[PDB]
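Summary of structural features
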Amino acid sequence: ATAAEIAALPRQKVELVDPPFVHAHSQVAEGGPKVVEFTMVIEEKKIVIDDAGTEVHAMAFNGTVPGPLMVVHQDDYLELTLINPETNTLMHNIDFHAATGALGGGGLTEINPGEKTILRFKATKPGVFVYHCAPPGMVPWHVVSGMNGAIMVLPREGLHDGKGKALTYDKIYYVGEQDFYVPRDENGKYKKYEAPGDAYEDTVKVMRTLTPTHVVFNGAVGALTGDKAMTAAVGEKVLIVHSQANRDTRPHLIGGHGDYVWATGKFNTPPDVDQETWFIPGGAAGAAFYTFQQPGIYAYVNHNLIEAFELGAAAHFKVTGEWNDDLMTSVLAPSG
Amino acid sequence: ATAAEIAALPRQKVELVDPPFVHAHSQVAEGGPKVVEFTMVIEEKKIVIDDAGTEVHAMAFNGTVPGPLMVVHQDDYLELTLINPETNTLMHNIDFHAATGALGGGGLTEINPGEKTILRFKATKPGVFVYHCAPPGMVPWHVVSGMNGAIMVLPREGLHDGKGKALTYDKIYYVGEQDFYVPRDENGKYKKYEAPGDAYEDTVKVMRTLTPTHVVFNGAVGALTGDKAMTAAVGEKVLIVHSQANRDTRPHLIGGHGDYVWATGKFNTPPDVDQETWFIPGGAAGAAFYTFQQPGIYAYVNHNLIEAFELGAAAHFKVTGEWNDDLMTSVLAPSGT
Amino acid sequence: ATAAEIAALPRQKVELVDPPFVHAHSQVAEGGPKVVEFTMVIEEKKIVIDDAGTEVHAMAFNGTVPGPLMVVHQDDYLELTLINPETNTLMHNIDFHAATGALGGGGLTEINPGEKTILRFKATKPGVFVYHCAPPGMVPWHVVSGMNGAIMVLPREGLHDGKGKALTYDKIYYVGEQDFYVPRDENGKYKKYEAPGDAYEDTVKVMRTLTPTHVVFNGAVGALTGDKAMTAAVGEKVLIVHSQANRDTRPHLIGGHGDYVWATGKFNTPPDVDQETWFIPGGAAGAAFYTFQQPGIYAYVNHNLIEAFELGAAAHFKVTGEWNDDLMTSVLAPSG
Ligand SMILES: [Cu+2]
Ligand SMILES: [Cu+2]
Ligand SMILES: [Cu+2]
Ligand SMILES: [Cu+]
Ligand SMILES: [Cu+]
Ligand SMILES: [Cu+]
């Protein structure tokens, strides 16, 4: 497309929402290609990541870890306004794995505190894709400070299975998984700091062990439980988008399955089916589609169970509806 | 199916066998859906995991690590009687990744010492699948104490390749891979504990390093070697089912291949072909089909070679038959330059 | 084939080229099956792997880490003369993952210093495959000392996508990724040793932590950056073969994609498409095909970004040509 052709396309402004929710969108594209406009303000802020009051100096797109999910369709343009307020201390940028050129956009979006930038790219490939900050020389530090999220580029005709039949979800959730590397003092207590730069040297030492202290969904142990448990009903079709910008993960829905899983996150690669546990490499997003068949509590985990249940990588679903005794029944309940 | 319809189905009681062997079964289903009945007794037991005498307080379905492979066909029902004898100290349960609902069955099978339970589920999806114990609040500790195994849900028409051609194995082995996290004393020697509970806190510390001390097949370093090496012959078609309930692995047959590999373990997902090294994520089972073409000794390993050869993740195959010089020949044996 | 038929096949000697470059070959096979002859001399030598003078006693096929890429076609034979000079002090051998029998060749090629051997095997399966030294009882030590490379067994009709359309590359590079485990003294300084064996016990202790001290491409931090960046042009089709003989990796082209990725490395397994980050398990090779669409500097990394930017696993591509503003444009450059 020429500059004039792009200038003539319709514009649509989207209001982002906090994960694990996803902003309003249509699965099947409404009309032809558009320039879809998003704005995010970067917030450097302390977050508390566990019940011991452990702190991270987060670097947070739109104020959350992960950053919010942006949804467009294939061959739309994504036009992001990125703002780094004067209240921040560091330069930031953005690299979209969905984009082509200039280090995913990072080379064109380096903004110091008090600056903003607008980047446009053509979403040429359908899938879920990571985005993350990547300042030269400080790349992993920003990413493991929570400065990452994902986008979804839907096919213009929505999702399909490997044989071209439509797959239409009722609900979508975005689970961003984060590895954190929190320094500890000689007595094993997590250290606190009063500026992001103060934590840098100590954090790099932990990073270099390749052993996270915490592995969490939505920025904290237990974040996607209780008041923030995900919900569904028996019969409901749910898409779970999952990202990890730095480290491998292996998602699993305890009591469920991934009926269709785009484990590589790319919709032109046919989905795996009937999955127990799928695998998403560090630096990628994946997506799983499931139709709930039983009510009750589910856990959704990284199935390194030490990572899930010692380090924090566990969420819950609460599912309403009627129990199916054909699928499962207790013939003899626990008894003497 | 209604309660009355399920009640009318034939029942078949199966006797489990110890890994790496698999109980007798038919690849293609015989007749219509059945309720296939299994029983396992849980044993908390001390096991030795290396030649030095290192001990683990194992938590073992049917007394083995891994637990035994249960085999059914798609749309059969698996009906497990699970018994937690009064000689044990902990509550246990079972989560079948093959099942749908109640945390895989774990929510319906919590049994204290002196209790039993019977769970039935419909095996709706074909593949190999992990099962493991999962007591709320103590999940990884039970799993990395060996309390895991796998099942195989065969398609009713047996296995096929990605293009509808039948794949019929001559024999099947189940390799359960276990990551252990054994505490060490200040000399760097592995610790022993009088009771299983005594090891908990020290073990959790090792677990949090995400670095196992041992990575083993069939419960111990060298367990599938020597007189316990797996066997095959030139021309023989072997299915190797491999599980890892907690941690990633990357199986490889040294001197062979995975001709067809269901790396995700799910038979409706077409297999990869001609594989050198495949990948099974923690929390899953996979399966590889190979026709042997050369005789001799093979090693079957996790191809993180440190894990294989330092930490224990190596098994052997002994293979009979005639050497094939077309496939490989020593043109010049090691000799002076 | 009969004995006389095998004996009648043409024999052809090929001169090897150091990674990341690849020796002369045709994508579509020229003529019928051949016995393709290669020679490699093993070199034990101290190499410096980082900017701080850190040494490894490398064990190097053909003198390089990784060893060179050998290229044949399916149903050719690969006939390797492997030489272990008398100046070396260890026994070595070779295991081809592409080969069938005798532990991939390792059982037939155990050569002490002052010995040579010639192994022939039929390349029955198309793909990229690891090769590595594997002396019984010291396998990981040789491999993580750099004694590994890869081969490519092309289909006789060249590469194809999943729909049977030809994929013809303009150039090919081989990126061998190496995990090193360098001992440190109690002050955290890397240790040096007189002879390879002197380092054995200390190195195995580091290996058993499963935490490399360095993760590098082409044998050193920065070996494929700066003036040793790989090159391409807009419009050029590039195949990037990547291997890791011991440990998982997750390659990613920053600013690009894997348009077609044989993530398992095997050409009869259909390639994934539109990949952001692909996954190659330890003990395997993979290959990615990409058509460059934007000029500039790209980084090519293991997308555990700590591994990439703290431990060494980052390469560059320098790409010439015209910028494409349709694909990406800075609507508003960074500004107040
Ligand atoms: Cu990235
Ligand atoms: Cu599980
Ligand atoms: Cu190998
Ligand atoms: Cu940043
Ligand atoms: Cu248990
Ligand atoms: Cu060697």
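Calculation notes
- Each chain is numbered from 1 in the order of its written sequence, a scheme that can depart from the entry numbering, and any residue without coordinates is omitted.
- All chains are assigned letters beginning at A, and all ligands numbers beginning at 1, according to the order in which they are written.
- Here the side-chain values reflect all heavy atoms present in the structure, with hydrogen atoms and water set aside.
- Between copies, superposition is a least-squares fit restricted to the C-alpha atoms.
- By the convention used here, residues are in contact when the closest approach between their heavy atoms is within 4.5 Å.
- We call an atom a donor if it is N, O or S and sits within 2.8 Å of the metal, or 3.2 Å for Na, K and Ca. Water is not counted, so some sites may look partial.
- Only DSSP runs of H or I covering at least 4 residues are called helices, and only runs of E covering at least 2 are called strands; the numbering of each starts at the N terminus.
- For every residue, the accessible area obtained with a 1.4 Å probe (protein chains only) is divided by the maximum for its type, and the residue is called buried under 20%, exposed over 50%, and partly exposed between those limits.
- Strands are treated as partners if at least two bridges between them are detected by DSSP.
- Accessible surface is computed with a 1.4 Å probe, and the buried area is the amount of it that two parts give up when combined, taken over both parts together.
- A pairing counts as a salt bridge when a side-chain nitrogen of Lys or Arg comes within 4 Å of a carboxyl oxygen of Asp or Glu.
- Here a helix's expected span is defined as the number of its residues, less one, multiplied by 1.5 Å.
- The arc in question is formed by the directions pointing from the helix axis toward the C-beta atoms.
- Axis definition: a line fit to C-alpha positions, over the contact stretch in the case of helices; interaxial angles, taken between N-to-C directions, run 0 to 180 degrees.
- The definition of a polar contact used here is a pair of N or O atoms within 3.5 Å, where within protein one atom must be able to donate a hydrogen and the other to accept one, and adjacent residues in sequence count solely through side-chain atom pairs.
- Amino acid classes used here: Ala, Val, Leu, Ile, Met, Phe, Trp, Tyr, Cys and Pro are nonpolar; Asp, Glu, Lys and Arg are charged; the rest, including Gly, are polar.
- In this scheme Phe, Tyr and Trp rings, the latter by its six-membered ring, pair at centre separations within 6.5 Å, and the angle between planes marks the pair as stacked below 30 degrees, edge-to-face above 60, and tilted otherwise.
- Distance and angle both matter: a charge sits over a ring if NZ of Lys or CZ of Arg is within 6 Å of the ring centre and within 35 degrees of the ring normal.
- UniProt positions are given in the numbering used here, feature names are shortened, and annotations may be inferred rather than shown by experiment.

If you check the header, you'll see the entry was determined by X-ray crystallography and the resolution is listed as 1.31 Å.

Now for the relation of the copies chain C and chain A. Of the transformation placing chain C onto chain A, the axial shift is 0.0 Å and the rotation is 120 degrees, giving an RMSD of 0.4 Å. Both copies of the chain, as the preceding transformation shows, are related through a three-fold rotation axis. Identified as the residue of chain C closest to the rotation axis by C-alpha distance is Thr211(C), at 5.2 Å. A different interface surface on each copy is seen, since only 2% of the contact residues of chain C are contact residues in chain A too.

Around the copper ion (ligand 1), the protein contributes the donor atoms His97(A) (NE2), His132(A) (NE2) and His303(C) (NE2), which lie 2.0 to 2.1 Å from the metal centre. Here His132(A), found in strand β8 (residues 127–132), pairs with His303(C), found in the loop between β20 (296–302) and α4 (305–309), and the two come from separate chains. Each member of the pair, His132(A) together with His303(C), is buried.

It is worth spelling out the pairing of strand β12 (residues 171–180) of chain A at this point. Residue and element names in this part refer to chain A. The buried count for β12 comes to nine of ten residues, which makes it a mostly enclosed element. Pairing analysis gives four bridges linking β12 to strand β13 (residues 214–217), with the strands arranged antiparallel. In the strand pairing of β13, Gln-178 is matched with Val-216.

Another point: the interface of chain C and chain A. How big an interface is tends to be stated in terms of accessible area lost as the parts join. Residue-level contacts link 45 residues of chain C with 57 residues of chain A. For the pair chain C and chain A, the summed buried area comes to about 4,100 Å², and 57% of that belongs to carbon and sulfur atoms. Among the residues chain C hides against chain A, the three largest losses belong to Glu276(C), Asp326(C) and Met328(C). Together they make up 17% of the total. At the junction of chain C and chain A, the tally comes to six salt bridges. The residue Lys125(A) makes a salt bridge to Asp274(C) at a minimum N-O spacing of 3.0 Å.

Under the 1.5 Å per step criterion, the end-to-end length of helix α3 (residues 196–207) of chain A is 15 Å for twelve residues, consistent within 8% with the ideal 16 Å. By the burial criterion, the buried members of α3(A) are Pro196(A), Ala199(A), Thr203(A), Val204(A), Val206(A) and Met207(A). The arc that holds every buried residue of α3(A), seen down its axis, measures 150 degrees, which confines them to one face. Exposed residues on α3(A) whose side chains face more than 90 degrees from its buried face are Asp198(A), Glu201(A) and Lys205(A). Turning to α3(A), the residues buried within the fold contact β2 (35–48), β3 (55–61) and α2 (139–143) of chain A together with α4 of chain C.

All names here are of chain A. Taken together, six strands build an open sheet; the order of strands is β13-β12-β15-β19-β17-β18 and the sheet is mixed. Every interior strand has two partners, whereas the edge strands, β13 and β18 (272–275), have only one. Ignoring strand direction, the axes of neighbouring strands in this sheet form an average angle of 25 degrees. Relative to strand β19 (residues 284–291), strand β15 (residues 237–244) runs antiparallel, the two sharing eight bridges. Each bridged residue has a counterpart across the sheet, and for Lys-237 the counterpart in β19 is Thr-291.

Below, the discussion takes up the coordination of the copper ion (ligand 3). The coordination sphere of the copper ion (ligand 3) contains the protein donors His303(B) (NE2), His97(C) (NE2) and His132(C) (NE2), at a distance range of 2.0 to 2.1 Å. In this pair, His97(C) is assigned in the loop between β6 (95–96) and β7 (115–122) and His132(C) in strand β8 (residues 127–132), connecting sequence segments 35 residues apart. Residues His97(C) and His132(C) agree in their burial class; the two are buried.

A few words now on the side chain of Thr249(B). All names here are of chain B. Looking at the secondary structure, you find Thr-249 in the loop between β15 (237–244) and β16 (251–254). There is a polar contact of 2.6 Å between the side chain of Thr-249 and the side chain of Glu-177. In this structure the side chain of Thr-249 is engaged in a polar contact, spanning 3.3 Å, whose partner is the side chain of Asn-302. Those residues in contact with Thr-249, other than ones at most four positions away along the chain, are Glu-177, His-242, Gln-244, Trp-278, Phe-279, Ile-280 and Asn-302.

A few words on the interface of chain B and chain C. Counting residues at the interface gives 47 residues for chain B and 57 residues for chain C. Around 4,200 Å² of area is buried between chain B and chain C when both sides are counted, 58% of it from carbon and sulfur atoms. Linking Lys125(C) and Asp259(B) is a salt bridge whose minimum nitrogen-to-oxygen distance equals 2.9 Å. Counting every contact that joins chain B to chain C gives 30 residue pairs in polar contact. Per-element accounting of the side of chain B that touches chain C gives the leading share, nine residues, to strand β22 (residues 328–336) of chain B. Among the residues making up the side of chain B that touches chain C, the classes are represented as 20 nonpolar, 16 polar and eleven charged. Alignment of β22(B) against β7(C), held across six bridges, turns out to be antiparallel. The residue bridging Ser330(B) from the neighbouring strand is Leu119(C), located in β7(C).

All names here are of chain A. Using the criterion set out here, one finds 41 aromatic pairs over all chains in the structure. Plain terms: the ring middles of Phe-96 and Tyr-131 are 5.8 Å apart, the flat faces sit at 45 degrees to each other, and that makes the pair tilted. Here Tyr-131 lies in strand β8 and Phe-96 lies in strand β6 (residues 95–96), a separation of 35 residues in the sequence. Ring centres 4.9 Å apart and planes at 75 degrees place the aromatic pair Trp-141 and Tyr-200 in the edge-to-face group. A residue pair is termed long-range when its members are at least 10 positions apart, and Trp-141 in helix α2 and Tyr-200 in helix α3 qualify at 59 residues. The class of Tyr-200 is partly exposed, set by a relative accessible area of 27%. Ring-pair connections join several aromatic residues into one group, and the members of that group are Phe-21, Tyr-173, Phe-217, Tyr-290, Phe-292, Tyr-298, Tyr-300 and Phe-317. The ring centre of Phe-129 lies 4.6 Å from the NZ or CZ of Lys-266, which sits over that ring.

So, on to the UniProt feature "binding site: Cu cation 1" in chain A. Residue and element names in this part refer to chain A. If you check UniProt for "binding site: Cu cation 1", the listed places come out as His-92, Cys-133, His-142 and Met-147 in our numbering. A stretch of 56 residues holds the annotated residues, and the largest C-alpha distance among them is 9.2 Å, short enough that they meet in one place. Locating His-92 in the fold gives a position in the loop between β5 (77–84) and β6. Residue class for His-92 comes out buried when judged on its relative accessible area of 0%. Contact partners of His-92, with chain neighbours within four places excluded, come to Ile-42, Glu-44, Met-59, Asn-84, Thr-109, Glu-110, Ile-111, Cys-133, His-142 and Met-147. Assignment of secondary structure puts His-142 in helix α2. Residue class for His-142 comes out buried when judged on its relative accessible area of 2%.

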